[PDB]
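Shown here: structure09.tsv, TSV, N, CA, C and O atoms.
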```tsv
chain	number	residue	atom	x	y	z
A	1	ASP	N	-6.13	15.55	-6.89
A	1	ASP	CA	-5.71	14.22	-7.28
A	1	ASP	C	-4.25	14.22	-7.75
A	1	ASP	O	-3.41	13.54	-7.16
A	2	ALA	N	-4.00	14.99	-8.80
A	2	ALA	CA	-2.69	14.98	-9.43
A	2	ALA	C	-1.63	15.42	-8.42
A	2	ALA	O	-0.53	14.88	-8.39
A	3	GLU	N	-2.00	16.41	-7.62
A	3	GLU	CA	-1.08	16.98	-6.65
A	3	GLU	C	-0.58	15.89	-5.70
A	3	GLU	O	0.61	15.80	-5.41
A	4	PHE	N	-1.52	15.08	-5.23
A	4	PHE	CA	-1.20	14.03	-4.28
A	4	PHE	C	-0.30	12.97	-4.91
A	4	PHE	O	0.65	12.51	-4.29
A	5	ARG	N	-0.64	12.61	-6.14
A	5	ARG	CA	0.12	11.60	-6.87
A	5	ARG	C	1.56	12.08	-7.07
A	5	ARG	O	2.50	11.30	-6.95
A	6	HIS	N	1.68	13.36	-7.39
A	6	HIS	CA	2.99	13.93	-7.67
A	6	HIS	C	3.80	14.01	-6.37
A	6	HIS	O	4.99	13.67	-6.36
A	7	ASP	N	3.13	14.44	-5.32
A	7	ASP	CA	3.79	14.59	-4.03
A	7	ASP	C	4.28	13.22	-3.55
A	7	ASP	O	5.44	13.08	-3.16
A	8	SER	N	3.38	12.25	-3.60
A	8	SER	CA	3.70	10.91	-3.14
A	8	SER	C	4.82	10.32	-4.00
A	8	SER	O	5.68	9.60	-3.49
A	9	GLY	N	4.78	10.65	-5.28
A	9	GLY	CA	5.80	10.19	-6.21
A	9	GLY	C	7.18	10.71	-5.81
A	9	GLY	O	8.13	9.95	-5.70
A	10	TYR	N	7.24	12.02	-5.61
A	10	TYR	CA	8.49	12.67	-5.25
A	10	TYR	C	9.01	12.14	-3.91
A	10	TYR	O	10.19	11.83	-3.78
A	11	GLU	N	8.10	12.06	-2.95
A	11	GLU	CA	8.46	11.64	-1.61
A	11	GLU	C	9.07	10.23	-1.63
A	11	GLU	O	10.15	10.00	-1.09
A	12	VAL	N	8.35	9.32	-2.28
A	12	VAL	CA	8.70	7.92	-2.23
A	12	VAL	C	9.93	7.68	-3.11
A	12	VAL	O	10.72	6.77	-2.85
A	13	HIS	N	10.05	8.50	-4.14
A	13	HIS	CA	11.20	8.43	-5.03
A	13	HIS	C	12.48	8.68	-4.24
A	13	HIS	O	13.52	8.09	-4.53
A	14	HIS	N	12.37	9.55	-3.25
A	14	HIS	CA	13.52	9.92	-2.44
A	14	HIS	C	13.75	8.87	-1.35
A	14	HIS	O	14.77	8.18	-1.36
A	15	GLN	N	12.79	8.78	-0.45
A	15	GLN	CA	12.95	7.96	0.74
A	15	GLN	C	12.40	6.56	0.50
A	15	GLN	O	11.27	6.40	0.04
A	16	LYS	N	13.22	5.57	0.82
A	16	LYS	CA	12.91	4.19	0.47
A	16	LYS	C	13.82	3.25	1.26
A	16	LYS	O	13.48	2.05	1.33
```

How would this structure read if it were set down as structure tokens?
Amino acid sequence: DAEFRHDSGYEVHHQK
């Protein structure tokens, strides 16, 4: 769970 949230967070934080 946390891993996915963190990954998605980092990813989306960058690319937008």

Distance of atom C of residue 13 (chain A) from atom N of residue 1 (chain A), expressed in Å to one decimal place: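 Between atom N of residue 1 (chain A) and atom C of residue 13 (chain A) the gap is 20.0 Å.
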
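Pairwise distance (atom N of residue 16 (chain A), atom O of residue 2 (chain A)) equals 19.0 Å.
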
Straight-line distance linking CA of residue 15 (chain A) with atom N of residue 3 (chain A), stated in Å to one decimal: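 So the answer is 19.1 Å.
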
Test item, alpha helix (DSSP H) assignment across chain A, answer as JSON, numbers by chain: {"A": [2, 3, 4, 5, 6, 7, 8, 9, 10, 11, 12, 13, 14]}
